[PDB]
Every structure is written in structure tokens, then in C-alpha cells.
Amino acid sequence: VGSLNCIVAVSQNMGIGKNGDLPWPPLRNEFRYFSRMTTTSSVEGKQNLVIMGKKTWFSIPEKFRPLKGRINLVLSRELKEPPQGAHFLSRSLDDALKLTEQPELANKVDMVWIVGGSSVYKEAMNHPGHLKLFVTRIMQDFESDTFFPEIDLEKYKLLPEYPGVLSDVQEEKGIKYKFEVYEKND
């Protein structure tokens, strides 16, 4: 299995959701970036795995589920089988990553991308090991009801650039944003 990664877009007051939708109007190129980063696999004959909580799964418009070209795994203790359109179900993050070593996944998965929501991000971020965060900073405040966990900069180093990742300020629908990549290894 390849690298372990979180990807997120967050507003200036750390918001990632309001009522199961984006705090901000849709940003088409920002989404294109999320799709390209999560879908692109370095390794022939493998796909990337996306891991998400139940609420994150149901927040994706039906037409985009499952995320195409990616293996889709949902996390839930309540659900007893993968939701309609999803591929895998695990009770927890540690379980999902364990499954990634089983015969049925071991040779199929390249990168793993955690795509939300708050508790799954939080658990990943303080679990020892090599982890990157791909963070889009939406540089305004947006009313939100779910939030990104604190990034501990003592552990997470902001990379000065990354191949495939624009370094400069982006702007869509009047809203400035920028892409960042953080890395820890502990």
C-alpha cells in the first residue's frame, strides 16, 4: 500500500461543513483539484482508496457516488453493509487500514485518501506515522457547523512546494483560496 493522506478544504474559521454541504458556494476548479489528487495513482494496475465517514459519504451528490476510478470505503459502526454504490465498509479507521493489508485489497490499492469528516481527520492526524495533509485554505470566514481539527505545526511541516500543486492564490466566484501540503512522520 502507498502513502496515507488527508485532503480537505477549510475556511478561515476552520469550517468544513454546514448541514452536510459546503459552507461556501461551489468552487468548480477546487473540486477538479480534489478529484485529480485523489484519483491519480503513481502505480500501474492499482487504484487509490478513499476513506470517509457515513455523513461524508451521504454529503456527496448521488451522481458522483462512488467517486469514480477510486475504491470507496465508508466508516460506520451502525451500518452492517456498504451503502448503495460504496465498495467497502469498516467500523473504524484502524480497521480500514488493516483491511488494506488483506488479500482482497493488498495488491489493488495505491494511495489512501481520507476525505472526512472531522472525527476521522482527527483520529488520523494524531495516529503515529507518515501522513500528509492536502489543505485548501479558503481565505474567508464561512458559517459552519463542523470543523477541521487543529493542525499541530510542531509535527506538521508546511512544504515549500509540491509537484502538481499550484503555489499561488486562486480565486473563484469572488473567493480567494490557496493550496497547501503538510507532512509529518512520527
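Heads up: residue numbers just count along the shown sequence, starting at 1.
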query	finding
107-115 set against 91-99, stretch whose average Cα temperature factor tops the other in the entry	91-99
Average Cα temperature factor in the PDB entry - higher stretch of 147-155, 22-30	22-30
Out of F58, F134, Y121, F64, residue topping the C-alpha B-factor column of the entry	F64
Residue selected from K54, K46, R36, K68 by maximal Cα B factor	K46
Among modelled residues of the same chain, the CA temperature factor third for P163	middle
Among modelled residues of the same chain, the CA temperature factor third for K178	lowest
